Amino acid sequence: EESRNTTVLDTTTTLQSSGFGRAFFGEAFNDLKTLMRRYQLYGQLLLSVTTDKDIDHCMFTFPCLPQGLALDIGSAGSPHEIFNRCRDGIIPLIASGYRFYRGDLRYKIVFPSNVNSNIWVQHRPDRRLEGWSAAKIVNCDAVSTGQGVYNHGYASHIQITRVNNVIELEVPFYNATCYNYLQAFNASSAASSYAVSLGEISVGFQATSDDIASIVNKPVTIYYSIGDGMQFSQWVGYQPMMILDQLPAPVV
Amino acid sequence: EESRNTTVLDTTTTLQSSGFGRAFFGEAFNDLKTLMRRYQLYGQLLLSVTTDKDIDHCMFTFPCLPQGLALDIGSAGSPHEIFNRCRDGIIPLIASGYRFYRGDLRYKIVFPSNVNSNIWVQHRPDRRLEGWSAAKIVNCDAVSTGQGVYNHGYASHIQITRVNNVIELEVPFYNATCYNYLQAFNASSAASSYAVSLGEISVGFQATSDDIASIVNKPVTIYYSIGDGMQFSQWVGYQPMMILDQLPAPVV
Amino acid sequence: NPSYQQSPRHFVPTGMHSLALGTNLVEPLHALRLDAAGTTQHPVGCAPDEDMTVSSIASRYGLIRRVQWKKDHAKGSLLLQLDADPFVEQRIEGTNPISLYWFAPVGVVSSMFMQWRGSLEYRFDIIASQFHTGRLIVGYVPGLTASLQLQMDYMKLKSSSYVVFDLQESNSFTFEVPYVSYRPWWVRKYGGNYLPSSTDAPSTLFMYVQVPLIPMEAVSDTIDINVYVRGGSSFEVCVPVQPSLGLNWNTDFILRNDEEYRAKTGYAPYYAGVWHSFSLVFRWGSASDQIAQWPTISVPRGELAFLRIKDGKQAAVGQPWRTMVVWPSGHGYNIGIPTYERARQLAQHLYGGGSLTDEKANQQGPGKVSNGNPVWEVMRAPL
Amino acid sequence: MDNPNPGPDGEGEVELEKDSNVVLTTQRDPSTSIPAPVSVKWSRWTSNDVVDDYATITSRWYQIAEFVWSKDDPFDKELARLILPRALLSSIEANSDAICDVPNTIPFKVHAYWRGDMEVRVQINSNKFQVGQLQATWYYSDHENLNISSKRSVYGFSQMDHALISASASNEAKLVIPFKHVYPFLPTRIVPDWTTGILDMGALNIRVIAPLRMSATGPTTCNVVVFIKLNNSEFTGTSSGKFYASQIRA
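This is the structure we're talking about:
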């Protein structure tokens, strides 16, 4: 059995329990659900406009999942230095150790401040996630389907960039499942792909093609926490880890 | 009779009622009045100044009705991609299935952020709606009547664009009717046209002709919900629908 | 004047209230009413007879199928194999380029939602006199994919749930279709205009002919069977998403193929006007640096292209400007130069290796803008 | 149960429906369909004139439509688009005489405005061996809608509540239509703020869901007769009869 304990050959005395730092620091760290609610950087992108965008056209999209995105180090010339150097963060390091999840997510998208244009945000729970490839932030090209535009019935919110350039969200668990998958996802079953991400958030600017030039190559950073309903269910052990301070230094 | 039920040949057992998603998602979706209060895009327009506008001159107008406007796909070269591709939304899809309405509407007009000028908004319940043709957003030309200017006694509000570029409204039921018409409207009777829209909202900028150049071809998007007093009365079945994912893709 | 010296609040601004939330939420507004406590009222004859409610819209039969049941049908002939979802289909045989469709009220009220579950109810009105005798299976196979949709008969149907109806005197019955799936809900069939996330039905409804029709020699050999759909007592839908349906109130649809040419979005209407950094050029506004920008024409190496509008009535009118040469001005965008043959020679100069500043206003006049964003035809010629 | 003993008197029970001096009988039970609950009176809000329902004359039945329904009529087929407060008058003017000649409609000649309910009985006289089915559907304000020209089919009127008239059962269609117009009164004549579309509450329209089916020597035709009662009425605005103009022929 795993956690069996045959003969405890104890040489120790009693050690005074601090209450996971409650006695020293005034706060307990036993519950790992409340450490998961500290906001972690989810994604990081430069706004790259390809074709002439209408007011409806979504600037970028991303599938919304607590597992972390398919990790974008970046191009081999210009790497995103946090996901290159500070690999994976905390929430998929804890969600790496579980199998199922049932709950909500929070996002707090941070926009550039040079832009002024009004920003809409759609949650689209219809969208299936076709594999861990393209489980990432997609700078959208010219519109071919209803994926690429503002849509009607889905839950949206419009942040005014002139008042405050951060929209803060609560993306609900709108799946027809018991719980969703939490590791990396290869999409074996065709309906299994309805059960990975909570939905598919698309952020779009309402600017015309004359104000679209101030938008180009400005950073948009996304955060996430797990929003008080998140319950990771089945214990699955961790995979092989990589130690970060053994990564090579950029030799001059 | 319609809902008669002669011989129910039931093979089923009992299925556990979820409460319209209350058991799974923490919220019921039975009442369709509260889904109607999610804001839907009402209209979408580019500010096109034709003649030299005074401070009084209304920039645009629109008749205010829950049926949805006469749907502007756009010009054959440049279509408005949401009303082209995502046809009609939710509130006239539910209001397509009823005949009369009695209630209020909300608007939440979203202005561009490049402009700074102070914006006035008139509600004009005097205005009759002469047919479904020109039941749409009218970019106003040179002033000939009192339609084209700011007026005194009507209920107005002035949004300061420098504080927040969104004015949020509650357009009351100021008709002399029992309830108003809800399908598309051909204006048979001359007084029937007093009974379609709640009124006729006109939005106008207070800018002179030197600041009018920053206004030109900026988008103004309008929303609407139905505002807690809206009661659609007579059940009328739906018309022929069109399926959206059978619409042709833009072949490269 | 007491001085208030305590520390004040420390908020976050946001520009707008929630668009998504709609139930348990006092939403502040700017009412255009005169009374701040005023609410629209419903007197005794203006009363709402119909509660707007999914379980009252979906609980209404809508005719969905008309079935021709003749005498010469054998003891296994299929009458319908429609799917066991609320999106049962009746297509109109019309001449429109996009086909309209009839739906039951359960289908339209279920098309605005992502998911659905629960029993459906099909009412079969077998329009017959008391002298027609027949008998028909209305069965239900849980879980048929489209490859297993064929190879059916009534004998494979009898292994699943089925209902055998005796047409002798009473000539109407309601088969309440079970909800059997692996999933507590079920994702919508069509979706928005998006070809994935288009999930076929949980199961299929069949209707065969168990015992063939035996009509008397005085009554007709044929019988129509009307098939009505209702959301059952257990039918329910949950997540509100983009409706998969549109109205027929405006069936016009604009195909955006890339073969035709026009100005960029936001730079139309435009008129011929002078500009100091460039002679006339198409301008979308009266202020400086408001030139109408133009897309780059995919001209192959060794050729050239000038322009001619498809409709001269929609063009900008100074003569109505029907010809134009699109070329980079040097400020990062393509200007459209109005011409008087001269467009062909200017395209010979520019695509041949020249410039705008090489040696090789009075026609402005009224400055009429174009009719919106008119479609420009690309005429192509060899260099 | 099931003891058939016909006599010289016939077999079944005959039910009646008596009004002022009109009794019309049906062998069969009606297929009633009531699109709205019964309307409140509403003369308190917009009338100081003397208002009286003429229930001893107005609540009688009156035939306003009769039509042959042959088997030559196809599936999706209108049979009668009756505009019912108009069709009561235009049937009389189709009988080539004035409105004042009929007891049911003399207060339309005098009074200016009308609010009331309408009973409609769409009786059929099909044979027992004929097979087919009508539906009788009431639509509120047909002509104030422009996409009704595409809704007007049997798939669209089956969604709202309606009556079914099977040709086998020789069924009768009771249809209680209360007053729901936008304005709480319908003018009987040309009134200052609307002249076009007078006295138009909506349309009873009678489509075909199944056509008539029979043998080669079967009875081809099938007559349908529509009666209307005007029961919970009230008339206001006593005016001259010379301001009443004739209805549009349609």
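Chains as they are written, first to last, in the authors' numbering: chain A, 2 to 253; chain A', 2 to 253; chain C, 2 to 279, 284 to 323, 325 to 346, 349 to 368, 376 to 398; chain B, 1 to 44, 46 to 251. A prime marks a further copy of an entry chain. Note that CB positions come from ideal geometry on N, CA and C, so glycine has one too.
Where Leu94/A is concerned, the enclosing alpha helix (DSSP H) starts and stops at 92-95. By the criterion of at least three beta-carbon pairs nearer than 8 Å, the segment 112-123 of chain C is in contact with the segment 163-183 of chain C. In this structure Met243/A is exposed. Its beta-carbon is surrounded by fewer than 16 other beta-carbon atoms within 10 angstroms.
Closest option to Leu36/A', judged by alpha-carbon separation, among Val55/C, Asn194/C, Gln379/C, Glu90/C: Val55/C. When CB distances to chain C are screened at a threshold of 7 Å, the residues of the segment 141-158 of chain A falling below it are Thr146, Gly147, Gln148, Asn152, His153, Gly154, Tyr155, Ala156, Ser157, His158, in chain order. Neighbours of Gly133/B in chain C, taken as residues at a C-beta separation under 9 Å, are given in chain order as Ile128, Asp225. Per DSSP, the unbroken alpha helix (DSSP H) holding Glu94/B starts and ends at 85-95. Scanning the segment 21-70 of chain C from its first residue to its last, the whole alpha helix (DSSP H) runs of 4-plus residues come out as 55-58. Residue contact check for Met17/C against chain A': a CB pair falls below 8 Å. Beta bridge pairing from DSSP links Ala156/A with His124/A. If you draw a straight line from the Cα of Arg38/A to the Cα of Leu72/A, it comes to about 20 Å. Non-local C-beta neighbours of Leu70/A in its own chain, meaning closer than 8 Å and more than five positions away in sequence, comprise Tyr43, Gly44, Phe63, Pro64, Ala136, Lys137, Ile138, ordered along the chain. Considered as a whole, the segment 145-198 of chain B harbours 149-152 as its complete alpha helix (DSSP H) runs of no fewer than 4 residues, in chain order. By the criterion of a C-beta distance shorter than 8 Å, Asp9/B is surrounded by no residue of its chain, once the five residues flanking it on both sides are discounted.
Under the DSSP assignment, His357/C falls in the alpha helix (DSSP H) whose first and last residues are 350-358. Contact between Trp133/A and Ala185/A is confirmed by a C-beta separation of about 5 Å, below the 8 Å threshold. Contact between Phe166/C and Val139/C holds: CB atoms are separated by about 7 Å, below the 8 Å threshold.
In the displayed model, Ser193/A falls within a helix according to three-state DSSP.
Between the segment 144-161 of chain A' and the segment 117-130 of chain A', the count of Cβ pairs shorter than 8 Å is three or higher; the stretches touch.
When the five nearest sequence neighbours on each side are left out, the beta carbons in the same chain lying within less than 6 Å of the beta carbon of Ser234/B are those of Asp54, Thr59, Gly117, in order along the chain.
Between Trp276/C and chain A', the shortest Cβ-Cβ separation is not below 8 Å. Not flagged as an interface residue toward chain A': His11/C, since no C-beta distance is shorter than 8 Å.
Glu201/A' and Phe174/A' have their C-alpha atoms some 12 Å from each other. Separation of the CB atoms of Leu30/C and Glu171/A' is rounded to 4 Å, and the pair is thereby assigned contact status at 8 Å. Look at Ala177/A' here: in three-state DSSP terms it is coil, with no helix or strand label. Inter-segment contact for the segment 89-101 of chain C and the segment 82-91 of chain A' is absent: fewer than three beta-carbon pairs are separated by less than 8 Å. Against chain A', a Cβ distance below 7 Å from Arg257/C picks out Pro80, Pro251. DSSP places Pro108/B in the uninterrupted alpha helix (DSSP H) bounded by 107-111. The CB of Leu72/A' never comes closer than 8 Å to any CB in chain A; the least such distance is about 12 Å.
Distance from the Cα of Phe112/A is smallest, within the candidate group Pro249/A, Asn218/A, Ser145/A, for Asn218/A. For the beta strand (DSSP E) assignment, the uninterrupted runs of no fewer than 3 residues enclosed by the segment 80-123 of chain C are, from N- to C-terminal side, 101-103, 116-118. Rounded to whole angstroms, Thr8/A and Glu2/A show a C-alpha spacing of 14 Å.
Counting only the Cα atoms, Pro220/A lies some 33 Å from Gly75/A'. Taking a C-beta distance under 8 Å as the contact criterion, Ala264/C and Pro344/C do not qualify as a contact pair. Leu183/A is not a Cβ neighbour of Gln41/A, given a cutoff of 8 Å.
For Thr52/A, no Cβ of chain A' is located within less than 8 Å of the residue's own Cβ.
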